[PDB]
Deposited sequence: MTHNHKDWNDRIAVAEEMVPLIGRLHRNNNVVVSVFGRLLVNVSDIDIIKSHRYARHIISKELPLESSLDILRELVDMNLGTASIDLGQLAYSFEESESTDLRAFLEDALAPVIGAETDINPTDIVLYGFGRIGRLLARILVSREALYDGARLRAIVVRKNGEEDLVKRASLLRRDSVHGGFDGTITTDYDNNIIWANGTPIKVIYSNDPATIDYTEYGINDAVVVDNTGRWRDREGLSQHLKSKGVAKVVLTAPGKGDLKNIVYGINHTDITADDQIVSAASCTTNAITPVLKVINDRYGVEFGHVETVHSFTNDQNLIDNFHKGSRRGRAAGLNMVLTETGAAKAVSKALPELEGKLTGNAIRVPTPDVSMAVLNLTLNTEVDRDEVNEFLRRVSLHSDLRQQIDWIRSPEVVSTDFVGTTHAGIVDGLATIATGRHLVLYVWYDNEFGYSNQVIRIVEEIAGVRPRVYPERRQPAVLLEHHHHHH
């Protein structure tokens, strides 16, 4: 029941000023477990406070209100503060006064520096992944001000260019409208998105740009074009003045590291100039396969993905590079080569030779569904596997790469806009002797984009740290 709804609103209204003071004065983003309370409607704060059951026992707004009331005068510097962890492991201390507990558990923060130098991001390409990257980058510059989108690079076409590019960022048939205002300065070739000025750079050669011409230096280029997937090709960006590092939103060929965030971002070194974020399916299934292989062992795995179509395919039957992709995407079920076996082996080198996979592309514009047919080296029960994945999903350090649900009503549309790389549908799970079958949802556009943003911030050094 919700007979208490209006009080819940009323406490959250008390919370907003406090939340926003810590933001503007102390650069402190307040969260409740995974979920932000910053730049957010009162009703969202309610919804997110309900959510805390799904990790803890029972979370009332007052405990948040009281930690916030005692955080306003604690002279804090920048940091992400989880209001919920502070509630739980205060109650499990256990002794008031609250203040005392906070000053202790938020020690490194108190009095720390409230500014960090941001890092310039350039999007090379501005397509489906490119633009969702730009949305996220603009949201997070407003939360954290760590990575600044400064520019996009597109080829010169036909001089209404700029208006269409801004419109493609303002609007999306699938992802709906941009959270903010998008204005265009035609004279200086800039798209303004909220606070952020995005220079549009016209070029046919990734190697002959002087980014310093636009006040860009030391930039991470996120190439979302996919025209170059080998080191020799991606190396073109490093010839452009202003470029420190390159992230490919696609499987990199040869020696290029393929990085699945949460799983092998610790193998990114200071010296790695060129890195790749793998594919959407790779990011969807690799957390899961790694976690299952370490616990139970995977003799063999097949992946079938029932996948949304992408923009390389054709509205109507016509020629195409790949397998059967050139048949009309919106009228057909299409059997397609996935590279996901090979990709999963790159990042988990221990499953080399043990995996096969295949795609079926169907008439939807976003969101996909991996089916993992897994032969284990141990006998397993269904509820034990569900509970161990729910645990990883909700409390492990792959918390943000993996979600777990037991919703009997959700379908592909409901996953549009999810921030996880992979969402295990728990009701579906099958286990029988050594056989496991897992079903994984992913928003292949946005879910993947979020992984790429995380790679970009590790590389830039501006991942926020969460206390405690």
- Note on the structure: Stretches of the deposited sequence lacking C-alpha coordinates, in sequence order, are 1 to 3, 62, 473 to 488
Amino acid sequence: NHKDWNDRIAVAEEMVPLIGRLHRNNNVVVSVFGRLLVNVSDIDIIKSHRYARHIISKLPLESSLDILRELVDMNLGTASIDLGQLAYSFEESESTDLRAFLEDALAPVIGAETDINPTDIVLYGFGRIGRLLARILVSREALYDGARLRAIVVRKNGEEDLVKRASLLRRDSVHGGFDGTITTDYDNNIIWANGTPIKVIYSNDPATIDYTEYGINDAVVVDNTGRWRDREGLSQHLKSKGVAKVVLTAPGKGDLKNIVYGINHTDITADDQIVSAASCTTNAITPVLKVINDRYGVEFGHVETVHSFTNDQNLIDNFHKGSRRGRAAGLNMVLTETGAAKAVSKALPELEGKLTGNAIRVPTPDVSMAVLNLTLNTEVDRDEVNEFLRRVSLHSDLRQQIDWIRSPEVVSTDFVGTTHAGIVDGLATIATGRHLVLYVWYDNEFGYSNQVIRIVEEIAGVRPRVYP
From here on, numbers count along this sequence of modelled residues.
- Given 234 to 242 and 361 to 369, the range whose Cα B-factors average higher in the PDB entry: 234 to 242
- Look over 65 to 73 and 33 to 41 in the entry and identify the one with the greater average Cα temperature factor. 65 to 73
- According to the deposited entry, which of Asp267, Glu160, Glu141, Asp317 has the largest Cα B-factor? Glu160
- In the PDB entry, which of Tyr211, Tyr88, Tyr202, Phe126 has its C-alpha at the highest B-factor? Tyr88
- Item | Position of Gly330 among the chain's modelled residues by C-alpha B-factor, lowest, middle or highest third | lowest
- Query: Lowest, middle or highest third of the chain for the C-alpha temperature factor of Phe178?
  - Reply: lowest
- Task: Please place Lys47 in the lowest, middle or highest third of its chain by C-alpha B factor as given in the entry.
- Result: highest
- Once the chain's modelled residues are ordered by C-alpha B factor and cut into thirds, is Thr286 in the lowest, middle or highest one? middle
- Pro60: CA B-factor among chain residues, third -> highest
